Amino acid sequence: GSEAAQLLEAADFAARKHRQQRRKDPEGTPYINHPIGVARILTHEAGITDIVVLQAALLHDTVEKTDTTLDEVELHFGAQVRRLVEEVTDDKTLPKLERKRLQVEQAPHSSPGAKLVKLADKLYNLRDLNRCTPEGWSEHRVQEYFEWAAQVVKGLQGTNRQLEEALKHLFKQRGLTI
């Protein structure tokens, strides 16, 4: 259908899949606010209009964080959306540190659409950490998240100047470069 209808299909799908989940801020914000915010970063700041990229951004956490399967994504949204979502889906069969390390290792080799989603996802989470230290976190755990995110984003450059410039500003504010 129209761009709008296609976006609302993905937004409503993600809202239902994430309905019982909450972010780790003290207030426990509904999890769906994150994928919506990531996708809005892409339209409002990055100038993105590719509906496949924007659908993937709304859905980028459904397979990683819920029972949703990659085949279910393709079933409702097609193969280009499914391939994007797969690219940004951590292998939850792996230990946390290996997932953290693979994001650094696999950042340069991702498709342009996956780099856009990865950049916007990092930008949302770093803004969130600045806004509110998550429940149970120390201030130096926040800094270290930034130190790791900088290593990932280093591998994502050459994709979108607006997002990369915004990330560079946040990293610089905490003494981190590129």
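All residue numbers are counted from 1 along the displayed sequence.
- Comparing the deposited coordinates for 121-129 and 139-147, the stretch with the larger average C-alpha B-factor is 139-147.
- Higher mean CA temperature factor, per the PDB entry, when comparing 165-173 with 16-24: 165-173.
- Of the candidates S111, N33, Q55, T43, it is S111 whose Cα B-factor is highest according to the PDB record.
- Among the modelled residues of its chain, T29 has a C-alpha B-factor that falls in the lowest third according to the deposited record.
- The deposited CA B-factor of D67 belongs to the highest third of values across its chain.
- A5: CA B factor in the middle third of modelled residues in this chain (values from the PDB entry).
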